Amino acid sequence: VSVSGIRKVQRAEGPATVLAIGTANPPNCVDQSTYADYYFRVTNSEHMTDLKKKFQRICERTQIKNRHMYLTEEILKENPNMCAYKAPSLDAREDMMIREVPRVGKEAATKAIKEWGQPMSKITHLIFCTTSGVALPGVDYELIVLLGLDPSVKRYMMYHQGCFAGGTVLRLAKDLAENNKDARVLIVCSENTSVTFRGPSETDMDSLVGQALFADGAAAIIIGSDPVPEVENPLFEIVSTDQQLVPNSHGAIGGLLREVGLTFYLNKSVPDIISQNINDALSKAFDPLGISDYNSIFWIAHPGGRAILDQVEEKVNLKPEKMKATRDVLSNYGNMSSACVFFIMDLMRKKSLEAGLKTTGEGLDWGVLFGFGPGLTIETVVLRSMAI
């Protein structure tokens, strides 16, 4: 009768809170210090002698030591079109994407749900964020089946978002959890390189650089407002979440879905673009909270690349350590796109707890989470750590 009364009683009351986290990747670990050779070998670009040495240089300064990858030297054999620079292979890539994406996402979810300790039945919303794997019904549908979620879970299929999608989900999860009482949201960001992998091109360097970065791996996050005492354990609270487009950026990061898989460009000016726009976002989100010292807060930045980390650290003037967790994930996993920030969040708390610190935010109270991607989008999420 009263849309006003229904509203008043059906809305959550507190801020969105991260209650559990889970992560998993393809078993196959690929070593970085020997990737340049492996790569030029299975692509048969050995005669590109120069480009090869040049690729080891890249792989070295990569700051990455390991990366999980579904694609194996075997899977690459049965798929010649995927080893070539540009060759019709969209169908093959998508089929691996569609099969493997939900599969790994479920492994991450199970771990998260086990931690959370609650019954799946309680999951009210589902946010599935993947770079690709287009099918109707989508990847989320498969996840519901595999996992056995409720047939009335409200779904949100985020396709082809970009490396900044990490903050996107949190931004979206916030409103879902905070507007509906008992809303418990499941975030699953599964990224797989089956669509971005291809052979080298003497003319396409941007593409050659991505081959040394992108890795595989999923992450499941349980989010919900008004934590049940004792039963549920809050880890972090979503305080605020902004998104922003930097002018003159479209040509920086991007790509298209072609018949030869996902193509992409990464302009060298990225670390700069971020560095020269990162402060405005910082102030925009911490001024309202009286924070001026960006060292008094913990950090979780999307490891788009080492250079980005060096530049932001250099501009904002952060002690080394601030980026220790972030770099730590990059080194053992590489750039799993939207998944990285949650592997870092998981790493931060897991360590803070094994260190005896007073909070999950490296003993600190406030922290910021970034996300960097296409059109040069920046997503600033402000977090509030939880005690003990």
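Numbering starts at 1 and runs along the sequence shown.
Mean CA B-factor, 246-254 versus 186-194: the higher value falls on 246-254. As the entry records it, the average C-alpha temperature factor is higher for 310-318, out of 310-318 and 218-226. The PDB entry assigns the greatest CA B-factor among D91, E115, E74, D140 to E74. Remark: of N335, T360, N332, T62, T62 shows the highest value [criterion: C-alpha B-factor in the PDB entry]. Ranked within its chain, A135 lands in the middle third, by CA B factor from the PDB record.
When the modelled residues of the chain are ordered by their C-alpha B factor, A325 lands in the middle third. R171: CA B factor in the lowest third of modelled residues in this chain (values from the PDB entry).
Ranked by C-alpha B-factor against the other modelled residues of its chain, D150 falls in the highest third.
Ranked by C-alpha B-factor against the other modelled residues of its chain, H302 falls in the middle third.
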